[PDB]
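*Asks:* Sharing coords-v3.pdb below, PDB, C-alpha atoms (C1' of nucleotides):
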MODEL        1
ATOM      1  CA  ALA A   1     123.177  57.087  89.683  1.00  0.00           C
ATOM      2  CA  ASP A   2     124.711  57.068  93.167  1.00  0.00           C
ATOM      3  CA  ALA A   3     126.386  60.416  92.448  1.00  0.00           C
ATOM      4  CA  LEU A   4     123.140  61.956  91.181  1.00  0.00           C
ATOM      5  CA  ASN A   5     121.242  60.654  94.219  1.00  0.00           C
ATOM      6  CA  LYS A   6     123.808  62.061  96.665  1.00  0.00           C
ATOM      7  CA  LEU A   7     123.283  65.626  95.423  1.00  0.00           C
ATOM      8  CA  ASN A   8     119.536  65.235  96.203  1.00  0.00           C
ATOM      9  CA  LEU A   9     118.188  67.174  93.231  1.00  0.00           C
ATOM     10  CA  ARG A  10     114.859  68.867  93.920  1.00  0.00           C
ATOM     11  CA  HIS A  11     111.839  67.481  92.009  1.00  0.00           C
ATOM     12  CA  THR A  12     114.070  65.092  90.030  1.00  0.00           C
ATOM     13  CA  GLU A  13     114.370  61.297  89.963  1.00  0.00           C
ATOM     14  CA  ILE A  14     117.177  59.155  88.527  1.00  0.00           C
ATOM     15  CA  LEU A  15     116.438  56.149  86.308  1.00  0.00           C
ATOM     16  CA  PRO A  16     118.846  53.548  84.871  1.00  0.00           C
ATOM     17  CA  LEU A  17     118.539  51.719  81.560  1.00  0.00           C
ATOM     18  CA  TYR A  18     120.556  48.842  80.095  1.00  0.00           C
ATOM     19  CA  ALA A  19     120.129  45.432  78.491  1.00  0.00           C
ATOM     20  CA  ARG A  20     120.297  43.608  81.835  1.00  0.00           C
ATOM     21  CA  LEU A  21     117.444  45.744  83.244  1.00  0.00           C
ATOM     22  CA  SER A  22     114.219  44.078  84.372  1.00  0.00           C
ATOM     23  CA  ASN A  23     111.315  43.974  81.921  1.00  0.00           C
ATOM     24  CA  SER A  24     109.167  45.672  84.555  1.00  0.00           C
ATOM     25  CA  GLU A  25     112.018  48.151  85.056  1.00  0.00           C
ATOM     26  CA  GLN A  26     112.510  48.531  81.288  1.00  0.00           C
ATOM     27  CA  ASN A  27     108.803  49.274  80.891  1.00  0.00           C
ATOM     28  CA  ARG A  28     108.869  51.569  83.950  1.00  0.00           C
ATOM     29  CA  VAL A  29     111.052  53.940  81.921  1.00  0.00           C
ATOM     30  CA  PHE A  30     108.272  53.901  79.309  1.00  0.00           C
ATOM     31  CA  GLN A  31     105.565  54.627  81.913  1.00  0.00           C
ATOM     32  CA  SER A  32     104.888  58.246  82.820  1.00  0.00           C
ATOM     33  CA  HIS A  33     106.155  60.240  85.800  1.00  0.00           C
ATOM     34  CA  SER A  34     105.701  63.641  87.445  1.00  0.00           C
ATOM     35  CA  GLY A  35     108.223  66.429  87.048  1.00  0.00           C
ATOM     36  CA  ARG A  36     111.613  65.584  85.552  1.00  0.00           C
ATOM     37  CA  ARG A  37     113.234  62.149  85.301  1.00  0.00           C
ATOM     38  CA  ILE A  38     116.899  61.592  84.449  1.00  0.00           C
ATOM     39  CA  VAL A  39     117.544  58.444  82.403  1.00  0.00           C
ATOM     40  CA  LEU A  40     121.034  56.921  82.373  1.00  0.00           C
ATOM     41  CA  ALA A  41     121.180  54.698  79.299  1.00  0.00           C
ATOM     42  CA  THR A  42     123.531  52.484  77.300  1.00  0.00           C
ATOM     43  CA  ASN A  43     123.567  51.424  73.640  1.00  0.00           C
ATOM     44  CA  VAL A  44     120.160  49.714  74.062  1.00  0.00           C
ATOM     45  CA  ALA A  45     118.368  53.028  73.496  1.00  0.00           C
ATOM     46  CA  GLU A  46     120.836  53.680  70.662  1.00  0.00           C
ATOM     47  CA  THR A  47     119.467  50.992  68.370  1.00  0.00           C
ATOM     48  CA  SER A  48     116.118  49.352  69.131  1.00  0.00           C
ATOM     49  CA  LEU A  49     114.404  50.839  72.199  1.00  0.00           C
ATOM     50  CA  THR A  50     113.724  54.440  70.996  1.00  0.00           C
ATOM     51  CA  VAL A  51     112.852  55.638  74.498  1.00  0.00           C
ATOM     52  CA  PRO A  52     110.295  58.490  74.371  1.00  0.00           C
ATOM     53  CA  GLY A  53     109.901  61.618  76.474  1.00  0.00           C
ATOM     54  CA  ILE A  54     113.512  62.774  76.094  1.00  0.00           C
ATOM     55  CA  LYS A  55     114.338  66.485  75.796  1.00  0.00           C
ATOM     56  CA  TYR A  56     118.098  66.822  76.375  1.00  0.00           C
ATOM     57  CA  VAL A  57     120.849  64.308  75.602  1.00  0.00           C
ATOM     58  CA  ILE A  58     124.334  64.243  77.168  1.00  0.00           C
ATOM     59  CA  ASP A  59     127.128  62.563  75.200  1.00  0.00           C
ATOM     60  CA  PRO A  60     130.432  61.599  76.866  1.00  0.00           C
ATOM     61  CA  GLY A  61     131.739  60.541  73.457  1.00  0.00           C
ATOM     62  CA  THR A  62     132.921  57.315  75.085  1.00  0.00           C
ATOM     63  CA  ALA A  63     131.629  53.759  74.769  1.00  0.00           C
ATOM     64  CA  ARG A  64     132.847  50.175  74.958  1.00  0.00           C
ATOM     65  CA  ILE A  65     133.518  48.433  71.637  1.00  0.00           C
ATOM     66  CA  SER A  66     133.706  44.649  71.326  1.00  0.00           C
ATOM     67  CA  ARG A  67     136.845  43.549  69.477  1.00  0.00           C
ATOM     68  CA  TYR A  68     138.732  40.380  68.576  1.00  0.00           C
ATOM     69  CA  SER A  69     142.329  40.441  67.352  1.00  0.00           C
ATOM     70  CA  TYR A  70     144.836  37.900  66.078  1.00  0.00           C
ATOM     71  CA  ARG A  71     147.188  38.659  68.981  1.00  0.00           C
ATOM     72  CA  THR A  72     144.437  38.470  71.597  1.00  0.00           C
ATOM     73  CA  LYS A  73     142.695  35.233  70.464  1.00  0.00           C
ATOM     74  CA  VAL A  74     140.039  36.467  72.922  1.00  0.00           C
ATOM     75  CA  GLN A  75     136.999  38.715  72.548  1.00  0.00           C
ATOM     76  CA  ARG A  76     138.393  41.866  74.181  1.00  0.00           C
ATOM     77  CA  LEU A  77     136.144  44.892  74.740  1.00  0.00           C
ATOM     78  CA  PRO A  78     138.256  48.042  75.195  1.00  0.00           C
ATOM     79  CA  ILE A  79     136.971  51.520  75.974  1.00  0.00           C
ATOM     80  CA  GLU A  80     137.222  53.674  72.843  1.00  0.00           C
ATOM     81  CA  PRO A  81     135.869  57.028  71.632  1.00  0.00           C
ATOM     82  CA  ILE A  82     132.813  56.728  69.390  1.00  0.00           C
ATOM     83  CA  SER A  83     132.586  57.310  65.632  1.00  0.00           C
ATOM     84  CA  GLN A  84     131.209  60.391  63.869  1.00  0.00           C
ATOM     85  CA  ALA A  85     127.976  58.759  62.676  1.00  0.00           C
ATOM     86  CA  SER A  86     127.426  57.268  66.135  1.00  0.00           C
ATOM     87  CA  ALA A  87     128.041  60.707  67.658  1.00  0.00           C
ATOM     88  CA  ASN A  88     125.680  62.200  65.072  1.00  0.00           C
ATOM     89  CA  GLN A  89     123.225  59.463  66.048  1.00  0.00           C
ATOM     90  CA  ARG A  90     123.573  60.695  69.638  1.00  0.00           C
ATOM     91  CA  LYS A  91     122.413  64.108  68.406  1.00  0.00           C
ATOM     92  CA  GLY A  92     119.084  62.869  67.072  1.00  0.00           C
ATOM     93  CA  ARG A  93     117.696  60.982  70.103  1.00  0.00           C
ATOM     94  CA  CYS A  94     116.533  64.188  71.888  1.00  0.00           C
ATOM     95  CA  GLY A  95     114.860  65.900  68.925  1.00  0.00           C
ATOM     96  CA  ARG A  96     111.987  63.428  69.199  1.00  0.00           C
ATOM     97  CA  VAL A  97     109.413  65.554  71.027  1.00  0.00           C
ATOM     98  CA  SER A  98     110.659  69.094  70.342  1.00  0.00           C
ATOM     99  CA  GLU A  99     113.870  71.076  69.931  1.00  0.00           C
ATOM    100  CA  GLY A 100     116.615  69.851  72.251  1.00  0.00           C
ATOM    101  CA  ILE A 101     120.145  70.717  73.343  1.00  0.00           C
ATOM    102  CA  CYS A 102     122.896  68.141  72.772  1.00  0.00           C
ATOM    103  CA  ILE A 103     126.007  68.395  74.958  1.00  0.00           C
ATOM    104  CA  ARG A 104     129.129  66.465  73.941  1.00  0.00           C
ATOM    105  CA  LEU A 105     131.783  66.124  76.655  1.00  0.00           C
ATOM    106  CA  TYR A 106     134.833  66.422  74.395  1.00  0.00           C
ATOM    107  CA  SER A 107     136.419  68.826  71.922  1.00  0.00           C
ATOM    108  CA  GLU A 108     135.080  69.628  68.462  1.00  0.00           C
ATOM    109  CA  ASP A 109     138.384  68.742  66.781  1.00  0.00           C
ATOM    110  CA  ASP A 110     138.323  65.407  68.618  1.00  0.00           C
TER     111      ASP A 110
ATOM    112  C1'   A B   1     297.231  -0.931 184.064  1.00  0.00           C
ATOM    113  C1'   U B   2     296.901   4.981 183.394  1.00  0.00           C
ATOM    114  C1'   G B   3     294.551   9.687 181.366  1.00  0.00           C
ATOM    115  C1'   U B   4     290.386  11.085 178.187  1.00  0.00           C
ATOM    116  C1'   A B   5     285.088  14.859 175.630  1.00  0.00           C
ATOM    117  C1'   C B   6     278.616  19.176 175.443  1.00  0.00           C
ATOM    118  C1'   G B   7     275.332  24.499 173.045  1.00  0.00           C
ATOM    119  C1'   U B   8     270.182  31.403 172.844  1.00  0.00           C
ATOM    120  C1'   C B   9     264.717  33.972 169.431  1.00  0.00           C
ATOM    121  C1'   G B  10     262.402  38.190 165.397  1.00  0.00           C
ATOM    122  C1'   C B  11     257.762  40.822 160.216  1.00  0.00           C
ATOM    123  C1'   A B  12     252.930  44.268 157.912  1.00  0.00           C
ATOM    124  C1'   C B  13     248.574  47.091 155.094  1.00  0.00           C
ATOM    125  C1'   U B  14     246.640  50.195 150.883  1.00  0.00           C
ATOM    126  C1'   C B  15     242.964  54.309 147.262  1.00  0.00           C
ATOM    127  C1'   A B  16     237.359  60.961 147.688  1.00  0.00           C
ATOM    128  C1'   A B  17     234.056  64.558 144.359  1.00  0.00           C
ATOM    129  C1'   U B  18     236.819  68.629 137.419  1.00  0.00           C
ATOM    130  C1'   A B  19     232.196  72.963 130.819  1.00  0.00           C
ATOM    131  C1'   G B  20     229.770  74.689 127.280  1.00  0.00           C
ATOM    132  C1'   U B  21     223.703  74.746 125.188  1.00  0.00           C
ATOM    133  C1'   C B  22     219.831  81.809 123.664  1.00  0.00           C
ATOM    134  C1'   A B  23     214.790  81.677 121.789  1.00  0.00           C
ATOM    135  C1'   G B  24     210.148  79.033 120.087  1.00  0.00           C
ATOM    136  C1'   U B  25     203.748  84.314 116.914  1.00  0.00           C
ATOM    137  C1'   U B  26     197.508  84.196 118.216  1.00  0.00           C
ATOM    138  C1'   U B  27     193.251  80.976 118.811  1.00  0.00           C
ATOM    139  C1'   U B  28     190.123  76.299 118.730  1.00  0.00           C
ATOM    140  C1'   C B  29     186.410  72.181 119.047  1.00  0.00           C
ATOM    141  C1'   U B  30     186.487  67.076 121.067  1.00  0.00           C
ATOM    142  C1'   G B  31     182.480  64.295 126.450  1.00  0.00           C
ATOM    143  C1'   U B  32     177.970  61.323 127.939  1.00  0.00           C
ATOM    144  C1'   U B  33     173.313  57.247 129.852  1.00  0.00           C
ATOM    145  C1'   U B  34     168.657  57.007 129.006  1.00  0.00           C
ATOM    146  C1'   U B  35     163.368  53.830 127.628  1.00  0.00           C
ATOM    147  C1'   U B  36     165.942  48.811 126.645  1.00  0.00           C
ATOM    148  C1'   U B  37     160.621  44.008 123.595  1.00  0.00           C
ATOM    149  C1'   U B  38     164.764  44.177 117.816  1.00  0.00           C
ATOM    150  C1'   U B  39     157.693  41.642 116.171  1.00  0.00           C
ATOM    151  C1'   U B  40     153.499  39.270 116.762  1.00  0.00           C
ATOM    152  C1'   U B  41     149.641  35.264 109.882  1.00  0.00           C
ATOM    153  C1'   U B  42     146.232  36.178 105.310  1.00  0.00           C
ATOM    154  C1'   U B  43     142.240  36.286 101.395  1.00  0.00           C
ATOM    155  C1'   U B  44     138.514  36.028  97.144  1.00  0.00           C
ATOM    156  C1'   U B  45     134.752  42.554  94.559  1.00  0.00           C
ATOM    157  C1'   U B  46     131.973  43.635  88.864  1.00  0.00           C
ATOM    158  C1'   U B  47     128.141  44.544  84.017  1.00  0.00           C
ATOM    159  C1'   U B  48     129.027  48.118  75.066  1.00  0.00           C
ATOM    160  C1'   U B  49     126.092  45.291  72.536  1.00  0.00           C
ATOM    161  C1'   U B  50     122.778  42.655  69.686  1.00  0.00           C
ATOM    162  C1'   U B  51     120.191  39.281  65.566  1.00  0.00           C
ATOM    163  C1'   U B  52     119.145  32.606  64.117  1.00  0.00           C
ATOM    164  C1'   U B  53     114.558  26.848  59.542  1.00  0.00           C
TER     165        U B  53
ENDMDL
END
What's the structure tokens form of this structure?
*Replies:*
Amino acid sequence: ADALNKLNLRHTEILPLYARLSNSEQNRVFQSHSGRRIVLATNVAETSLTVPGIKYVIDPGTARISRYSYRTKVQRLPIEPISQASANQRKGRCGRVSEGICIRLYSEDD
RNA sequence: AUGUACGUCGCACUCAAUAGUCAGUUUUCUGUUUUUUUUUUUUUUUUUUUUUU
């Protein structure tokens, strides 16, 4: 969000979204705007939120996955590439209003 | 009582100077004084995720 604000995009605003977000700030994403808004989201909009007004989705193919191993004896959360169904779930969250373009920031064979 | 005896001598200092043996290629570094202090104690820094009589 700092990097998108530094470019100073014309007629565009940047919005965050996560589980720790304020309820007023969570609902502010749901309220309308003028022009184009860019929403930076986490796995909250993956599962339960179903944020509306989304045309194009950008997928890094990278998320954090909570784990717990016998060696660790500790809930470790390493950064890992996502699954196929989760990536295919990232395809469907922009085809809500009309036809959208999904961009995945990795290789097809990956 | 008488007569009775006398003469010459030596010594010192010395003593110099002698055989043969020719030659060794060209070039080179190495070199000087000056500011001097070599060392000054450190810090807390980020967030998949989601459900319970």
*Asks:* Pick out the chain B residues within 10 Å of chain A. Count only C-alpha atoms (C1' of nucleotides). Give them as a PDB file with C-alpha atoms (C1' of nucleotides), keeping the file's coordinate frame.
*Replies:*
ATOM      1  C1'   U B  47     128.141  44.544  84.017  1.00  0.00           C
ATOM      2  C1'   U B  48     129.027  48.118  75.066  1.00  0.00           C
ATOM      3  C1'   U B  49     126.092  45.291  72.536  1.00  0.00           C
ATOM      4  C1'   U B  50     122.778  42.655  69.686  1.00  0.00           C
TER       5        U B  50
END
*Asks:* With only C-alpha atoms (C1' of nucleotides) as the counted atoms, please give the residues lying no more than 12 Å from residue 85 in chain A, apart from itself and same-chain residues fewer than 5 positions off, as a ChimeraX atom specification.
*Replies:* /A:46,61,90-92
*Asks:* Would you save the residues from that selection as an mmCIF file, in the coordinates of the input, using C-alpha atoms?
*Replies:*
data_model
loop_
_atom_site.group_PDB
_atom_site.id
_atom_site.type_symbol
_atom_site.label_atom_id
_atom_site.label_comp_id
_atom_site.auth_asym_id
_atom_site.auth_seq_id
_atom_site.Cartn_x
_atom_site.Cartn_y
_atom_site.Cartn_z
ATOM 1 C CA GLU A 46 120.836 53.680 70.662
ATOM 2 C CA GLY A 61 131.739 60.541 73.457
ATOM 3 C CA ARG A 90 123.573 60.695 69.638
ATOM 4 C CA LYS A 91 122.413 64.108 68.406
ATOM 5 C CA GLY A 92 119.084 62.869 67.072
#
*Asks:* Here is a test: counting all atoms listed in the file, which residue of A:105, A:72, A:84, A:14 is nearest to residue 58 in chain A?
*Replies:*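 Going through A:105, A:72, A:84, A:14 one by one, the smallest distance to residue 58 in chain A is for A:105.
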*Asks:* If the PyMOL selection byres ((chain A and resi 37) around 8) were run on this exact file, what residues would it hold? Put them as a short mmCIF file (atom, residue, chain, number, x, y, z; two decimals) with C-alpha atoms, in the coordinates of the input.
*Replies:*
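Contents of result.cif, as written:
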data_model
loop_
_atom_site.label_atom_id
_atom_site.label_comp_id
_atom_site.auth_asym_id
_atom_site.auth_seq_id
_atom_site.Cartn_x
_atom_site.Cartn_y
_atom_site.Cartn_z
CA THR A 12 114.07 65.09 90.03
CA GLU A 13 114.37 61.30 89.96
CA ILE A 14 117.18 59.16 88.53
CA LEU A 15 116.44 56.15 86.31
CA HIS A 33 106.16 60.24 85.80
CA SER A 34 105.70 63.64 87.44
CA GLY A 35 108.22 66.43 87.05
CA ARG A 36 111.61 65.58 85.55
CA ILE A 38 116.90 61.59 84.45
CA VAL A 39 117.54 58.44 82.40
#
*Asks:* Please give the centre and size of the box around range 3-6 of chain A (axis-aligned, containing every atom listed in the file, 6 Å added per side), with values in Å to one decimal and written as AutoDock Vina command-line options.
*Replies:*
--center_x 123.8 --center_y 61.2 --center_z 93.9 --size_x 17.1 --size_y 13.6 --size_z 17.5
*Asks:* Compile the contact shell of residue 55 in chain A as a ChimeraX atom specification: residues with an atom at most 9 Å away, counting all atoms listed in the file, same-chain residues fewer than 4 positions apart removed.
*Replies:* /A:93-101
*Asks:* Which distance in Å separates CA of residue 102 in chain A and CA of residue 59 in chain A, to one decimal?
*Replies:*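 According to the coordinates, CA of residue 102 in chain A and CA of residue 59 in chain A are separated by 7.4 Å.
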*Asks:* What separation in Å, quoted to one decimal, exists between CA of residue 26 in chain A and CA of residue 51 in chain A?
*Replies:*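 Those two atoms sit 9.8 Å apart.
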